[PDB]
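**Student:** Below is coords.csv; it holds CSV, C-alpha atoms and all ligand atoms.
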chain,number,residue,atom,x,y,z
A,320,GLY,CA,42.2,-23.6,-28.6
A,321,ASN,CA,40.7,-20.1,-28.4
A,322,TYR,CA,37.5,-21.2,-26.8
A,323,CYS,CA,35.5,-18.4,-25.2
A,324,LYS,CA,37.3,-17.2,-22.0
A,325,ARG,CA,38.3,-14.2,-20.0
A,326,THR,CA,41.6,-12.7,-21.0
A,327,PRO,CA,43.8,-9.9,-19.7
A,328,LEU,CA,43.2,-6.3,-20.8
A,329,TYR,CA,44.9,-3.4,-19.0
A,330,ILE,CA,43.3,0.0,-19.8
A,331,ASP,CA,45.3,3.2,-19.2
A,332,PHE,CA,42.9,6.1,-18.7
A,333,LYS,CA,44.9,8.2,-21.1
A,334,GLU,CA,43.9,5.9,-24.0
A,335,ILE,CA,40.2,6.7,-23.5
A,336,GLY,CA,40.8,10.3,-22.6
A,337,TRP,CA,39.6,10.1,-19.0
A,338,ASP,CA,42.9,11.2,-17.5
A,339,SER,CA,41.2,14.7,-17.7
A,340,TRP,CA,39.0,13.8,-14.7
A,341,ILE,CA,40.3,10.6,-13.2
A,342,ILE,CA,43.2,11.2,-10.8
A,343,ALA,CA,43.7,7.6,-9.6
A,344,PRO,CA,44.2,4.8,-10.5
A,345,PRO,CA,46.1,5.7,-13.8
A,346,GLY,CA,44.5,2.6,-15.3
A,347,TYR,CA,43.0,-0.7,-14.4
A,348,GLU,CA,42.7,-4.4,-15.2
A,349,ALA,CA,39.5,-4.4,-17.2
A,350,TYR,CA,39.8,-7.9,-18.8
A,351,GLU,CA,38.0,-8.9,-21.9
A,352,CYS,CA,36.1,-11.9,-23.3
A,353,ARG,CA,37.5,-13.6,-26.4
A,354,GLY,CA,37.2,-16.9,-28.3
A,355,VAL,CA,34.6,-19.0,-30.0
A,356,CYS,CA,31.3,-20.4,-28.7
A,357,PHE,CA,31.5,-24.0,-30.0
A,358,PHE,CA,28.9,-26.7,-29.8
A,359,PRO,CA,28.5,-28.4,-27.4
A,360,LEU,CA,28.4,-25.2,-25.4
A,361,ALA,CA,30.2,-25.8,-22.1
A,362,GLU,CA,28.1,-25.5,-19.0
A,363,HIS,CA,30.5,-22.9,-17.4
A,364,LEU,CA,29.6,-20.5,-20.2
A,365,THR,CA,26.0,-20.5,-18.9
A,366,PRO,CA,24.4,-20.5,-22.4
A,367,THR,CA,20.8,-19.4,-22.8
A,368,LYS,CA,18.4,-21.7,-24.6
A,369,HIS,CA,18.4,-19.2,-27.5
A,370,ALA,CA,22.2,-19.3,-27.7
A,371,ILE,CA,22.1,-23.1,-27.8
A,372,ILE,CA,19.5,-23.2,-30.6
A,373,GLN,CA,21.1,-20.4,-32.6
A,374,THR,CA,24.4,-22.3,-32.4
A,375,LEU,CA,22.8,-25.5,-33.6
A,376,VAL,CA,20.9,-23.9,-36.5
A,377,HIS,CA,24.2,-22.3,-37.6
A,378,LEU,CA,26.3,-25.4,-37.1
A,379,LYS,CA,24.7,-27.2,-40.0
A,380,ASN,CA,23.9,-24.0,-42.0
A,381,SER,CA,26.6,-21.4,-42.0
A,382,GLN,CA,24.5,-19.0,-44.1
A,383,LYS,CA,21.7,-18.9,-41.5
A,384,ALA,CA,22.0,-17.1,-38.2
A,385,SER,CA,25.5,-17.0,-36.7
A,386,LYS,CA,27.6,-18.3,-33.8
A,387,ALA,CA,26.7,-17.3,-30.2
A,388,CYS,CA,28.9,-14.4,-29.0
A,389,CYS,CA,31.5,-14.6,-26.2
A,390,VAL,CA,30.6,-11.6,-23.9
A,391,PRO,CA,30.9,-10.5,-20.3
A,392,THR,CA,28.2,-12.0,-18.2
A,393,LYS,CA,29.4,-10.6,-14.8
A,394,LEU,CA,31.1,-7.2,-14.3
A,395,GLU,CA,32.8,-5.9,-11.1
A,396,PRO,CA,33.3,-2.3,-9.8
A,397,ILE,CA,36.5,-0.4,-9.2
A,398,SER,CA,37.2,2.5,-7.0
A,399,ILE,CA,38.1,5.8,-8.7
A,400,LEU,CA,39.6,9.0,-7.3
A,401,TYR,CA,38.5,12.0,-9.5
A,402,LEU,CA,38.0,15.7,-9.7
A,403,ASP,CA,34.4,16.9,-9.0
A,404,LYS,CA,34.4,20.6,-10.0
A,405,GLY,CA,38.0,20.8,-8.8
A,406,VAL,CA,37.3,18.9,-5.5
A,407,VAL,CA,39.1,15.6,-4.9
A,408,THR,CA,36.4,12.9,-4.6
A,409,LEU,CA,36.4,9.2,-4.1
A,410,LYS,CA,33.8,6.7,-5.4
A,411,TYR,CA,34.3,3.3,-3.8
A,412,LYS,CA,32.0,1.3,-6.1
A,413,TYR,CA,32.0,2.5,-9.7
A,414,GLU,CA,30.1,-0.4,-11.3
A,415,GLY,CA,30.3,-2.3,-14.5
A,416,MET,CA,34.0,-1.8,-15.1
A,417,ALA,CA,35.9,-5.1,-15.0
A,418,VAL,CA,35.0,-8.6,-16.3
A,419,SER,CA,34.7,-11.4,-13.7
A,420,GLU,CA,32.9,-13.9,-15.9
A,421,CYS,CA,32.4,-14.6,-19.6
A,422,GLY,CA,29.6,-16.6,-21.3
A,423,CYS,CA,28.0,-17.4,-24.7
A,424,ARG,CA,25.0,-15.3,-25.5
B,320,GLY,CA,24.4,0.7,-42.2
B,321,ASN,CA,24.3,-2.6,-40.3
B,322,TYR,CA,23.8,-1.3,-36.7
B,323,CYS,CA,23.0,-3.8,-33.9
B,324,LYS,CA,19.2,-4.6,-34.0
B,325,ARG,CA,16.8,-7.5,-33.8
B,326,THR,CA,16.1,-9.3,-37.0
B,327,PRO,CA,13.7,-12.2,-37.9
B,328,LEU,CA,14.8,-15.8,-37.5
B,329,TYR,CA,12.3,-18.7,-37.9
B,330,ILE,CA,13.6,-22.0,-36.5
B,331,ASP,CA,12.0,-25.3,-37.6
B,332,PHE,CA,12.7,-27.8,-34.9
B,333,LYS,CA,13.3,-30.5,-37.6
B,334,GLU,CA,16.3,-28.6,-39.0
B,335,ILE,CA,18.1,-29.0,-35.7
B,336,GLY,CA,16.8,-32.5,-34.8
B,337,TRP,CA,14.8,-31.3,-31.8
B,338,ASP,CA,11.7,-32.9,-33.3
B,339,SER,CA,12.9,-36.0,-31.5
B,340,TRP,CA,11.6,-34.6,-28.2
B,341,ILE,CA,9.5,-31.5,-29.1
B,342,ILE,CA,6.0,-32.5,-30.2
B,343,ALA,CA,4.6,-29.0,-30.7
B,344,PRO,CA,5.0,-26.4,-32.1
B,345,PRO,CA,6.9,-27.5,-35.3
B,346,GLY,CA,8.9,-24.2,-35.2
B,347,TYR,CA,8.8,-20.7,-33.8
B,348,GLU,CA,10.0,-17.1,-34.4
B,349,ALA,CA,13.2,-17.1,-32.4
B,350,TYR,CA,14.7,-13.8,-33.8
B,351,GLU,CA,18.4,-12.9,-33.6
B,352,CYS,CA,20.6,-9.9,-32.9
B,353,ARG,CA,22.7,-8.8,-35.8
B,354,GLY,CA,24.9,-5.7,-36.7
B,355,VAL,CA,27.8,-3.7,-35.3
B,356,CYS,CA,28.3,-1.8,-32.1
B,357,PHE,CA,29.6,1.5,-33.3
B,358,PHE,CA,30.8,4.3,-31.0
B,359,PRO,CA,29.1,6.4,-29.8
B,360,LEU,CA,27.0,3.5,-28.5
B,361,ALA,CA,23.3,4.4,-28.8
B,362,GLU,CA,21.5,4.5,-25.5
B,363,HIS,CA,18.8,2.1,-26.6
B,364,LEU,CA,21.5,-0.6,-26.8
B,365,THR,CA,21.9,-0.3,-23.0
B,366,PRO,CA,25.7,-0.5,-23.2
B,367,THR,CA,27.7,-1.3,-20.1
B,368,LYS,CA,30.6,0.8,-18.9
B,369,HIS,CA,32.9,-2.0,-19.9
B,370,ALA,CA,31.4,-2.1,-23.4
B,371,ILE,CA,31.8,1.6,-23.7
B,372,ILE,CA,35.5,1.6,-22.6
B,373,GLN,CA,36.4,-1.5,-24.7
B,374,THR,CA,34.8,0.1,-27.7
B,375,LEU,CA,36.8,3.3,-27.2
B,376,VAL,CA,40.1,1.6,-26.7
B,377,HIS,CA,39.5,-0.4,-29.8
B,378,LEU,CA,38.4,2.6,-31.8
B,379,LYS,CA,41.9,4.1,-32.0
B,380,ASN,CA,43.8,0.8,-31.7
B,381,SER,CA,42.3,-1.9,-33.9
B,382,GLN,CA,44.9,-4.4,-32.5
B,383,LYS,CA,43.9,-4.0,-28.9
B,384,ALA,CA,40.7,-5.6,-27.4
B,385,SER,CA,37.8,-5.7,-29.9
B,386,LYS,CA,34.4,-4.2,-30.7
B,387,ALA,CA,31.4,-4.8,-28.3
B,388,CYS,CA,29.1,-7.6,-29.4
B,389,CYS,CA,25.5,-7.4,-30.5
B,390,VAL,CA,23.7,-9.9,-28.3
B,391,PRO,CA,20.2,-10.7,-26.8
B,392,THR,CA,19.6,-8.7,-23.6
B,393,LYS,CA,16.0,-9.9,-23.0
B,394,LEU,CA,14.6,-13.3,-23.9
B,395,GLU,CA,10.9,-14.4,-23.9
B,396,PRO,CA,9.4,-17.9,-23.3
B,397,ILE,CA,7.3,-20.0,-25.6
B,398,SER,CA,4.9,-22.8,-24.9
B,399,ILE,CA,6.1,-26.3,-25.9
B,400,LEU,CA,4.6,-29.8,-25.8
B,401,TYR,CA,7.5,-32.2,-25.3
B,402,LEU,CA,8.7,-35.6,-24.1
B,403,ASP,CA,10.7,-35.5,-20.8
B,404,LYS,CA,12.3,-38.9,-19.9
B,405,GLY,CA,9.4,-40.6,-21.8
B,406,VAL,CA,6.3,-38.8,-20.7
B,407,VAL,CA,4.3,-36.1,-22.5
B,408,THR,CA,4.8,-32.8,-20.7
B,409,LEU,CA,3.3,-29.4,-21.2
B,410,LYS,CA,5.1,-26.1,-20.3
B,411,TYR,CA,3.3,-22.8,-21.0
B,412,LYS,CA,6.5,-20.7,-20.5
B,413,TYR,CA,9.7,-22.5,-21.5
B,414,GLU,CA,12.1,-19.6,-20.8
B,415,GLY,CA,14.9,-18.1,-22.8
B,416,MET,CA,13.7,-18.9,-26.3
B,417,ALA,CA,12.8,-15.7,-28.3
B,418,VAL,CA,14.7,-12.5,-28.5
B,419,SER,CA,12.8,-9.4,-27.4
B,420,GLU,CA,15.7,-7.0,-27.0
B,421,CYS,CA,19.2,-6.6,-28.3
B,422,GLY,CA,22.1,-4.7,-26.8
B,423,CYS,CA,25.9,-4.1,-27.0
B,424,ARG,CA,28.0,-6.0,-24.4
A,501,NA,NA,46.5,-9.6,-14.3
A,502,NA,NA,48.2,0.1,-21.8
Could you show the structure in this file as structure tokens?
**Tutor:**
Amino acid sequence: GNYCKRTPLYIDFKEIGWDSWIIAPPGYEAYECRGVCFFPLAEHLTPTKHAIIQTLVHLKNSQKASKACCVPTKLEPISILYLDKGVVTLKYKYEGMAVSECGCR
Amino acid sequence: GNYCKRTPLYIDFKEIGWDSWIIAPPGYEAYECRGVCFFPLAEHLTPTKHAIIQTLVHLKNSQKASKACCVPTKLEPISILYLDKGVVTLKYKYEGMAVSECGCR
């Protein structure tokens, strides 16, 4: 089923309104994290102790706390070519842009 | 309204069955993170670039990606007295247990 995992998400810079300064790429594979954090929390989702205990509290009481959340736990940079006061400029490592790993938190 | 923040959450170890191996304390203030991540994402929620972009894509297209999630971004230890493979063990800082900061991710 839809257990927590990384899934595809292509973002075109026109959607976010950044085509005003970004020249290239026109968009990028950003990925996203979707799905449920189900007990027992799988090791590959690197759950914290708090996420484990919150999940267990909620498992037997759905009106107390809530499920752990599927979120990015590791992000990767991309390169962007952009306009810096009208001068074409390249940043090789624009950090925090694409998901490489997901986890329950 | 219900913006992402830290909220109280007391966890009695009995209610999760961890009293089988945790001798003391009987429970602790674990806290939890609750609420929505609304654009513009407030700076105190330390949003990543991915969280900002995902939120913006979702803002004008509710059927693409999703909202960023309110999760713990800093966890604190507690002291516990417990049984480890059948011997009473003391650990002054059992890490990852109590929320001290929340953020949007
Ligand atoms: Na792909
Ligand atoms: Na697109």
**Student:** Could you please extract the residues within 10 Å of ligand NA 501 (chain A), counting all atoms listed in the file, and hand them back as a list in words?
**Tutor:**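 For ligand NA 501 (chain A), the residues inside 10 Å are residues 326, 327, 328, 329, 347, 348, 349 and 350 of chain A.
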**Student:** Write down, as a ChimeraX atom specification, each residue of chain B that has any atom within 6 Å of an atom of chain A, counting only C-alpha atoms.
**Tutor:** /B:335,368-369,415-416
**Student:** Can you list, as a ChimeraX atom specification, every protein, DNA or RNA residue that comes within 9 Å of residue 398 (chain A) when you count only C-alpha atoms, leaving out same-chain residues fewer than 3 positions away?
**Tutor:** /A:343-344,409-414
**Student:** How many Å lie between CA of residue 400 (chain A) and CA of residue 360 (chain B), rounded to one decimal?
**Tutor:**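 According to the coordinates, CA of residue 400 (chain A) and CA of residue 360 (chain B) are separated by 25.3 Å.
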**Student:** Between CA of residue 340 (chain B) and CA of residue 402 (chain B), what is the distance in Å, rounded to a tenth?
**Tutor:** 5.1 Å
**Student:** Please determine, counting all atoms listed in the file, which residue among A:361, A:399, A:345, A:422 has the shortest atom-to-atom distance to ligand NA 502 (chain A).
**Tutor:** A:345
**Student:** I'd like the interatomic distance between CA of residue 365 (chain A) and CA of residue 358 (chain B), to a tenth of an Å.
**Tutor:**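 Spanning CA of residue 365 (chain A) to CA of residue 358 (chain B) is a straight-line distance of 28.0 Å.
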**Student:** For residue 356 (chain A), which of A:408, A:382, A:321, A:339 is the closest residue, counting all atoms listed in the file?
**Tutor:**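 Once distances to residue 356 (chain A) are computed over all atoms listed in the file, the minimum belongs to A:321.
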**Student:** So, counting all atoms listed in the file, which residue among A:363, A:346, A:393, A:357 is closest to ligand NA 502 (chain A)?
**Tutor:**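 Using all atoms listed in the file, ligand NA 502 (chain A) sits closest to A:346.
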